[PDB]
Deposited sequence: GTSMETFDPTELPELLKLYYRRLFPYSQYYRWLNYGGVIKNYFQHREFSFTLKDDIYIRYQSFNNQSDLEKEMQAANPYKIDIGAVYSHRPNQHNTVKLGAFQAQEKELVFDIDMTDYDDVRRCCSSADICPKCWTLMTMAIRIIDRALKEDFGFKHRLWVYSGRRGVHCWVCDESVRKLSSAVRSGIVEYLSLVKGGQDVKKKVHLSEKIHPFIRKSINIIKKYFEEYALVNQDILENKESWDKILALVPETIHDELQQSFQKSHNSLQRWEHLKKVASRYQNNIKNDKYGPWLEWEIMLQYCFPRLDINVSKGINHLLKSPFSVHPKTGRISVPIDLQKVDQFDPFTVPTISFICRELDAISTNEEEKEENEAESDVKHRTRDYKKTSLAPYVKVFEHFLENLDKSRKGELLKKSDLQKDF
């Protein structure tokens, strides 16, 4: 992919590929509440790194114009305000307020750099992507089952991770305090680089952790013991030994040297830690530290937070921020996600269903299934 064709590719994309219809269907929420789409903040990042927010629109047409006209590199979605963002200059200090917004989560592979061995920073590969699978599975389960949120849109961020948009009517009205509280409930891995052991479990395990461990259990062997090989050598297993009491280090160090692979060594860790319990949950704290999701509290705390819009274009990778099918989450592949050059290539190889002919279609379907279930809820149908 070439980032210089981008300003040219965007023009075509924003005119004949971006699904404005389903897009407006989303943000207007069946017209039930007036000025809802009209008070929504957007932000655009043009060429030269020009950044502008407080963008508002009257309707889907007004949106289509201003975007094709601006032709932005980045499109961020903000809150629904007390007034029109466009006229914020006209609003008195104290009356311009962010009032409603979807509950949002940002999950970055980069935050796993201390527990993955294949990549670092903004690099991802198939060996470490499993972390996102476990993140989605773990968190979506909590949002669905523990919190009863019914309309959840998971989106690939374009490069390093996934976003989740929780759009239930009752959810969009949550105070910043409750939003912050949801993050605390979902969060287990605490500490910065200064902190070696980032997970501590009580004698009594809250169901959320239990169910979270059990999802991780399902992936741990292939991800951690095979792909990551977290016990390959001494340089690596010392990191694991740092997470368990010193009184078992020597016994384990020897067992690790006499074993051949991580599967053997992990099983040794399991037996030794277990004995240690008898006279607390070392095995699980290690799995949680290596596989449990890391969440940026700041993204989800603030109601006025601007998050990268679905179907945006990643300026460097060229990938489309595409919706993720929750039923096919283990099958999701960030490396086969259509790039803008690819869906423009396909459109140049053939008026409202032009996108259905491109590789972008199945993802728009998912967004539609997301939209359909919203309508039914507003109506009453299950």
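Where C-alpha coordinates are absent, the deposited sequence of this PDB chain has the segments 1 to 6, 286 to 292, 364 to 381, 414 to 423.
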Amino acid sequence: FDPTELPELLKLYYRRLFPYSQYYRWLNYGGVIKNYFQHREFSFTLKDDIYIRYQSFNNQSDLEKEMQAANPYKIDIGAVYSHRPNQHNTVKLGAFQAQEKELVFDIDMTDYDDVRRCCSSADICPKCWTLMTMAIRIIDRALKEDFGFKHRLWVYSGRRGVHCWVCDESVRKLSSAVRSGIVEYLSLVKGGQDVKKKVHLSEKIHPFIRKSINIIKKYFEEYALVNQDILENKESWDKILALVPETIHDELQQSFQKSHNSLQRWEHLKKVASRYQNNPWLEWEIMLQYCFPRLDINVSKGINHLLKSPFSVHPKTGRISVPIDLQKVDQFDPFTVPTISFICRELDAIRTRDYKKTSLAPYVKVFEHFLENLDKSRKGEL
From here on, numbers count along this sequence of modelled residues.
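Taking the mean C-alpha B-factor of each stretch as recorded, 213 to 221 and 168 to 176 are not equal, and the higher mean is that of 168 to 176. Annotation for 138 to 146 versus 77 to 85: the higher mean temperature factor (C-alpha) is found in 77 to 85. Residue set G158, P126, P310, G191: peak C-alpha B-factor at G191 (per PDB entry). You'll see in the entry that, of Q38, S321, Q331, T336, the Cα B factor peaks at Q38. Ranked within its chain, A95 lands in the highest third, by CA B factor from the PDB record. When all modelled residues of the chain are sorted by CA temperature factor, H260 is found within the highest third. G302: CA B factor lies in the middle third for its chain, per the PDB record.
Split the chain's modelled residues into thirds by C-alpha temperature factor. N71 is in the highest one.
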